[PDB]
Amino acid sequence: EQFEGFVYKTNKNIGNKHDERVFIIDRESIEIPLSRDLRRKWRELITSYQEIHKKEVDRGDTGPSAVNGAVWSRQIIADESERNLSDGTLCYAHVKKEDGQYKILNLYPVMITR
RNA sequence: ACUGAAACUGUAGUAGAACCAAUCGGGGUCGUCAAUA
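Numbering-wise (PDB author numbering), the first sequence opens with residue 342 and increments by one.
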């Protein structure tokens, strides 16, 4: 098949990583309201990712504290703007179809995440 | 159809009385980290 999409890239950020992702926009879609609680959760989540490694990246370390050869995941090296959840930014949404609606539980920067 | 003269706006009086640059804070301490395939 062919599709349009956005490439979601995070760096070679754990050792087994081979492939980035392309969010296939072409085919099917569901718009859901972005509440303040979701966006403030994202801010708290991404500030966590950034602050916990501030000492690491100031030391000039290039990757995770116990996984050599990996490289910092994008949201960690990204600036304050990554916390902001601005228009057109890409996320993973944790979703379930409870009560007959697509409930969005949380927004996450990676598949297996903080 | 003759300019008056001569005479220190000086003398006495404290920009001061009162008010705390101060109140709280052990130079301390432990769990991961990372997201794919």
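Note that the Cβ used here is the ideal one computed from N, Cα and C, for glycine as well.
Could you tell me the boundaries of the alpha helix (DSSP H) in which residue i lies?
i, result
"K382", "377–392"
"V398", "395–399"
"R415", "415–418"
Taking residue i as the reference, which of the options has the closest Cα?
i, options, result
"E421", "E385, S406, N409", "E385"
"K350", "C432, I445, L446", "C432"
"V436", "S427, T430, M452", "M452"
"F364", "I371, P374, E345, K395", "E345"
"residue 480", "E439, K438, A434", "The first residue shown for the chain is 342 and the last is 455, placing residue 480 beyond what the model contains."
"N352", "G441, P405, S370", "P405"
Need the endpoints of the beta strand (DSSP E) that residue i sits in, please.
i, result
"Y443", "Where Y443 is concerned, there is no enclosing beta strand (DSSP E), given that its DSSP letter is neither H nor E."
"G346", "346–349"
"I365", "362–365"
Can you list, in chain order, the residues of its chain whose CB lies under 6 Å from that of residue i, leaving out five sequence neighbours each side?
i, result
"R362", "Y349"
"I366", "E345, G346"
"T388", "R424"
"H394", "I417"
I'd like to know whether the C-beta atoms of residue i and residue j end up nearer to each other than 8 Å.
i, j, result
"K382", "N425", "no"
"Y449", "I373", "no"
Can you list, in chain order, the residues of its chain whose CB lies under 7 Å from that of residue i, leaving out five sequence neighbours each side?
i, result
"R380", "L426"
"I355", "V408, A411"
Under 8 Å Cβ to Cβ from residue i, same chain only, skipping five residues before and after it: list those, please.
i, result
"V398", "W413, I417, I418"
"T403", "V412, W413"
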